[PDB]
């Protein structure tokens, strides 16, 4: 048995097809069993259209052994392209073994696994090619976003989006997202997000009220500041060049989006700004993006 053949075989039972249909449309993606009670993690774009049009879409989970079971949406987070599903009273679930993405190294070998019964499901091979790489992501009326991601040269496509990125111990180290290099959501973010979606059906992310574009001082140049926003109360002005958010230096607007999200809500945070040749350090207190659930 080949070295990758064995690892691929060992997780097949933990990876499911997810299928949303209506009267005139179908979607299909991959997901992974992360909990014996029947919790399935997939990425938010796979179920996006079912979540926005629930009166017209039905969602099913098809298991490795061909069993087909109805599924219900627990929660979703368009900002990390994650989502959680739930099947009830299904026995003999093989649960995927979650790794620790803070121990992964540039150069480790990985498999990007799609669901064995997906229409065009793929399993691909490569290495980890970069870590903590911000990447933007665009399929419905959901917001665009950016994720600190794992980069790999294994192909990530429609056939394995939502499935797991797998180390050589057959451990999940990320969730593939196709929203020729590929990217996955690191499993440690996946755990935080999924933990919060299972409890509350929602996660709350920090917000500041800024829109930025990338810059020759280099960084994220402020394009617009919302009135009443934390940014306003903190003194940020248009044409300012953000170079640091909290204790994260900021290379461009993509890294800006990610840096705001790892701030604590309602705590003071330093913002470092280059303003008409002068260096300025402001202080902002991030707002929650959704005040009722907070």
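Residue numbers count along the first chain shown, from 1.
Unresolved deposited residues lying between neighbours residue 216 and residue 217: Missing in between: 1 to 3 residues.
Continuity check for residue 215 and residue 216, given as deposited residues lacking coordinates between them: Count of unmodelled residues in between: 1 to 3.
253-261 or 230-238, whichever carries the higher mean Cα B-factor: Here the higher of the two C-alpha B-factor means belongs to 230-238.
Mean temperature factor over C-alpha atoms, higher-scoring stretch between 117-125 and 103-111: 117-125 has the higher mean C-alpha B-factor.
Given 177, 171, 80, 92, the residue at which the Cα B factor reaches its maximum: Comparing C-alpha B-factors across 177, 171, 80, 92, the maximum falls on 92.
Of the residues 200, 167, 153, 189, the one carrying the largest Cα B-factor as recorded: The listed residue with the largest C-alpha B-factor is 200.
Third of chain Cα B-factors occupied by residue 160: It falls in the bottom third of the chain.
Position of residue 269 among the chain's modelled residues by C-alpha B-factor, lowest, middle or highest third: Within its chain, residue 269 is a highest-third residue by C-alpha B-factor, going by the deposited values.
Position of residue 182 among the chain's modelled residues by C-alpha B-factor, lowest, middle or highest third: Tercile = lowest for this residue's CA B-factor.
Residue 131 - Cα temperature factor, lowest/middle/highest third of chain: Residue 131: CA B-factor falls in the lowest third of its chain.
Where the record places residue 225 (Cα B-factor, split into thirds across the chain): Its C-alpha B-factor belongs to the highest third of this chain's values.
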